[PDB]
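Chemist: here are the coordinates; sequence isn't available:
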């Protein structure tokens, strides 16, 4: 299926930016399936 995906339901940039930047490293992802999917 996927890999760089967070269990956080998108809806707010900072909400998915803080985690994606602290989990994967860089803040660069999108909101797919109502969930923020970080990609590079």
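Modeler: Structure's in. What do you need? Numbering: from 1, shown residues only.
Chemist: what helix or strand is residue 21 on?
Modeler: Assigned by DSSP states H and E, residue 21 falls within helix 13-23.
Chemist: helices and strands around that helix, which ones?
Modeler: Judged by 3 or more Cβ pairs under 8 Å, 6 or more residues apart in numbering; DSSP states H and E, helix 13-23 is in contact with strand 5-9, strand 29-32, strand 35-38. (C-beta placed from N, C-alpha, C; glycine too.)
Chemist: Just put those in a markdown table and tack on distance to residue 16.
Modeler: Putting those into a markdown table (distance: least, Cβ to Cβ, whole Å) gives the following:
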| stretch | distance to residue 16 |
| --- | --- |
| strand 5-9 | 6 |
| strand 29-32 | 6 |
| strand 35-38 | 3 |
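Chemist: Please identify the most buried of these.
Modeler: strand 35-38 (a mean of 20; mean count of other Cβ atoms under 10 Å).
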